[PDB]
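Undergrad: experimental structure and sequence below.
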Amino acid sequence: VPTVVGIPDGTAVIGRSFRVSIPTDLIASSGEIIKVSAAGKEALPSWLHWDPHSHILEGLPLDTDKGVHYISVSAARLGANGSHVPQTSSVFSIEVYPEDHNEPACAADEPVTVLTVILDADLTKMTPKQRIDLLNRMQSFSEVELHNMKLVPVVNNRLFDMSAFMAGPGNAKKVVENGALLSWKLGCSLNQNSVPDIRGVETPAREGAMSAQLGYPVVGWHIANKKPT
């Protein structure tokens with residue numbers, strides 16, 4: 001008598017890490033083969049990665065991933081002739097939303113103080129796991145958890161923010177790629193005198209230790225107050 005497993009729908013935010021556990025032990029009895037894909041395709045959406053050993057589906061969506069993604073979790077039996085005999089399939093969806101509003105909140109009308117690191121990188125050339133690994137490797141410096149950092153592409157080729165009230169240089173002398181912005185929240189309506197200690201960002205950025213850990217050149221960093229939502 002076959003068992004039916006429903007998986008709940010999820011949500012993701014452009015430029016924020018996405019991570020969910022998939023209940024494979026419920027779906028695959030009797031040593032069956034699990035496949036996780038976009039529904040009706042063999043591959044996942046470009047922003048997702050499936051880790052079969054931890055049972056984790058994870059990703060980092062870009063602007064072009066906005067919208068609903070249906071995900072099929074299937075179990076197949078391997079036949080004596082090597083064929084995969086499908087047994088069951090469970091489909092859920094993930095809706096990618098456009099904006100995290102710079103919030104992992106601040107009062108309304110209260111600007112959010114954001115620290116941004118500008119990287120010589122092109123996120124559209126990076127796999128989902130590479131995007132997550134880059135966020136992981138920033139944790140030593142930000143002291144913010146992976147899921148509370150934001151990672152998005154540079155737009156209109158702007159490698160600077162003229163509203164920033166603190167900033168400094170990285171190790172890069174040239175910028176070869178389009179650029180990526182890796183940012184996090186410091187607080188609400190801060191100024192130079194209430195910003196926390198940032199020597200653990202600014203010194204490794206300038207000396208090259210941050211780029212050596214992240215795997216990408218650092219163009220610079222800045223701190224600026226961003227309009228709410």
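TA: Looks like it arrived, so ask away. Numbering: from 1, shown residues only.
Undergrad: buried residues, the strand ranked longest in the chain. List them.
TA: As assigned by DSSP state E, the longest strand anywhere in the chain is strand 84-97. Using 16 or more other Cβ atoms under 10 Å as the test for burial, strand 84-97 gives 87-88, 90, 92, 94, 96. Any C-beta I mention is one placed from the backbone N, CA and C, and that applies to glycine too.
Undergrad: packing partners of that strand?
TA: Judged by 3 or more Cβ pairs under 8 Å, 6 or more residues apart in numbering; DSSP states H and E, the packing partners of strand 84-97 are strand 10-13, strand 67-78.
Undergrad: out of those, nearest to residue 170?
TA: Nearest of these to residue 170, taken as Cβ to Cβ: strand 10-13 at 26.5 Å.
Undergrad: for that closest one, packing partners?
TA: Applying 3+ Cβ pairs under 8 Å, 6+ apart, one finds that strand 10-13 contacts strand 18-21, strand 84-97.
Undergrad: now the helix or strand just after the longest one, how far from the chain's geometric center?
TA: By that I understand strand 84-97. Counting by DSSP states H and E, the next helix or strand C-terminal to strand 84-97 is strand 112-119. Put simply, strand 112-119 sits 15 Å off its chain's centre (Cα atoms, centre = their mean, to the nearest Å).
Undergrad: got the CA coordinates for strand 112-119 in PDB?
TA: Only the C-alpha atoms of strand 112-119 are listed here, as PDB (Å, rounded to 0.1, in the frame of the first residue of the first chain):
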ATOM      1  CA  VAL A 112      19.400  50.800   8.000                       C
ATOM      2  CA  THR A 113      23.200  51.000   8.400                       C
ATOM      3  CA  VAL A 114      24.700  48.500   5.900                       C
ATOM      4  CA  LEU A 115      28.300  47.400   5.400                       C
ATOM      5  CA  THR A 116      29.000  46.400   1.800                       C
ATOM      6  CA  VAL A 117      32.000  44.600   0.500                       C
ATOM      7  CA  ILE A 118      32.600  45.000  -3.300                       C
ATOM      8  CA  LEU A 119      34.000  41.900  -4.900                       C
END
